[PDB]
Amino acid sequence: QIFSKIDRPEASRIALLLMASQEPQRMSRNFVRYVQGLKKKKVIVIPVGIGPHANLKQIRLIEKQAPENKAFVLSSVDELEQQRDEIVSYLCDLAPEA
Amino acid sequence: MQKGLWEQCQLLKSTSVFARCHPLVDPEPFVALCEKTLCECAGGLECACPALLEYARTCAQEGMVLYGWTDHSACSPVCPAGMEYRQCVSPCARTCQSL
């Protein structure tokens, strides 16, 4: 629904999967399919796991798909204030100029 | 050693409020101490409380006050009659006959 049509094929496409919770196993069955489909569209996904309850397994599964899908894992939400600078630096490194 | 009591020591690692402090204070030594005091325990879940309290105080020393650790856990640090335990009490508490 978001990237249904790539109307800016020259622009980089990135998603922050900021995540802090598990999900029941029955709902995780098509996870790899969707992340691989996003890769085929070259939609980058940067997982940002926060807290002890973050689904680290899904994070590593995302990381396995592509090197640019590198993960951030945070102790708590307040660590976002510390990680923000390098997060934006990485995002703009992943994007081309005009 | 008892699994149900051991969960209480694992609170140091699993709970979000304590997870704030991991960048500053490694919980593993406190978890081991908590496990062996549970082995020494002669009561209920409260036997894990000294380790949690000391971990919270160490974190407060390092800079992070864990405002909510007393609510998530089953612990309740002892206070004199009528007074509530609270993190980050100002030392200049207001007595009536005070300027």
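Order-wise, the sequence lines are chains E and G.
Just add 342 to wherever you are in the first sequence, counting from 1, and you've got this note's numbering.
Just add 5 to wherever you are in the second sequence, counting from 1, and you've got this note's numbering.
For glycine and all other residues, C-beta sits at the position ideal for the given N, C-alpha and C.
Alpha-carbon to alpha-carbon, residue j and residue i
i, j, result
"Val70/G", "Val22/G", "10 Å"
"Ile388/E", "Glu365/E", "18 Å"
"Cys44/G", "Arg371/E", "41 Å"
"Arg350/E", "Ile386/E", "14 Å"
"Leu359/E", "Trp74/G", "28 Å"
"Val430/E", "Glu352/E", "20 Å"
"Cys52/G", "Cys46/G", "6 Å"
"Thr63/G", "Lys381/E", "44 Å"
"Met369/E", "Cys84/G", "47 Å"
"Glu421/E", "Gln102/G", "43 Å"
"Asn411/E", "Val390/E", "10 Å"
"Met361/E", "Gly49/G", "35 Å"
"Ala357/E", "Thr20/G", "28 Å"
"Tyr90/G", "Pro32/G", "23 Å"
"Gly87/G", "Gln367/E", "48 Å"
"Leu104/G", "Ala98/G", "11 Å"
"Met6/G", "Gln400/E", "33 Å"
"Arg426/E", "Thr100/G", "44 Å"
"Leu398/E", "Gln343/E", "26 Å"
"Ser417/E", "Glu423/E", "12 Å"
"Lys406/E", "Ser95/G", "49 Å"
Own chain, CB closer than 6 Å to residue i, minus 5 neighbours either side, in chain order
i, result
"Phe35/G", "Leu17, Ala56, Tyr60"
"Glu40/G", "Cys14"
"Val419/E", "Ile392"
"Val415/E", "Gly391"
"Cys93/G", "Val70"
"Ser363/E", "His395"
Sequence-distant residues of the same chain with beta carbon closer than 7 Å to residue i, five excluded per side
i, result
"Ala440/E", "none"
"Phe345/E", "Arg355, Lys383, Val385"
"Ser78/G", "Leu16, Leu57"
"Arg25/G", "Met69, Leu71"
Pick from the options that is closest to residue i, judged by C-alpha positions
i, options, result
"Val30/G", "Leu10/G, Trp11/G, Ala65/G, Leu50/G", "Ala65/G"
"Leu403/E", "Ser431/E, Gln378/E, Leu416/E, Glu352/E", "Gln378/E"
"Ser81/G", "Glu33/G, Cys54/G, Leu38/G", "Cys54/G"
"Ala37/G", "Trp11/G, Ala86/G, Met88/G", "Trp11/G"
"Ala408/E", "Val374/E, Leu398/E, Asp427/E", "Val374/E"
"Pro28/G", "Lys8/G, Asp76/G, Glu67/G, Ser95/G", "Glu67/G"
Check: At what residue ranges does the region 371 to 434 of chain E contain a whole run of the alpha helix (DSSP H), taking only runs of 4 or more?
Finding: 373 to 382, 398 to 407
Next item on the list: Evaluate the contact criterion for the region 391 to 402 of chain E versus the region 423 to 440 of chain E: three or more CB pairs, one atom per stretch, below 8 Å.
Entry: no
Notebook entry, point to check: Can you list the beta strand (DSSP E) stretches of 3 or more residues lying completely in the region 40 to 64 of chain G, in chain order?
Noted result: If we require 3 residues or more, the region 40 to 64 of chain G turns out to have no beta strand (DSSP E) run fully inside it.
Check: If you scan the region 64 to 93 of chain G from start to end, which runs of the alpha helix (DSSP H) of 4 or more residues do you find wholly inside it?
Finding: For secondary structure counted as the alpha helix (DSSP H) over 4 or more consecutive residues, the region 64 to 93 of chain G holds these complete runs in sequence order: 74 to 77.
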